[PDB]
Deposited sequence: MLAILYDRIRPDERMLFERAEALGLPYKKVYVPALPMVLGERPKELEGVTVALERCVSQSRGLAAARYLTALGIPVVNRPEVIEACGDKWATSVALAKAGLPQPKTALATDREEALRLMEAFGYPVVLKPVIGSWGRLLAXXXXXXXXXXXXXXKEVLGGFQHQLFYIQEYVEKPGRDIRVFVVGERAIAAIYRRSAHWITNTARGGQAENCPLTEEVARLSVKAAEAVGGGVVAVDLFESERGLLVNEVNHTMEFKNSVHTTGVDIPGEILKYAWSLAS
């Protein structure tokens, strides 16, 4: 049966519980904080579990649990690699570059000085985001585990259009929204979103895009997509699609 791993129940999780019940999809709720994860011995909580949906609000907890499930041989939706490829901006930007996908000009500095040189080279205004808006050099200076002293820098992008969030399930873009309003999926947006999903390892993710002057650019990819408002907005059963995908990977 399906195991829905969680720590804090949000409306997203409740919708998952309700859809599973309505779909007749055998499942059980697994409270991760109290789950004993001893290598070599499957917990009683996981007895009968053939596939798991990793829904923890905490990234550290979710990734640690996804890693554990792989050690037990239980397929987990959004494998460890996808979760970390997504929750780490440098990792995600690197994955997009290797897949040759469009994104804002991006760079990474490993010390304060190089960060300044890069921002200066990029020309202001520039963007500085945590790996896991600078107006001028003055603002830059003022602002200034494997994440010790890293500075993720991106060019500031002009947006002729609204940002788009695309919900990708497997090889299909199933819904999209503007940033909220429904964004009727087009061939262009759908194909780019699925390729972005593939770039980070595949699975169930929300791809955030920028409709810039240079065209569609991939901004970020989320490994544990939130969709409570999007169901009504898009009219698409996102929770049900997610559950069916996970259930299909069952072993």
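Checklist entry - Counting from 1 along the deposited sequence, which stretches were left out of the model? => result In the chain as deposited, 133 to 142, 155 to 159, 195 to 208 carry no coordinates.
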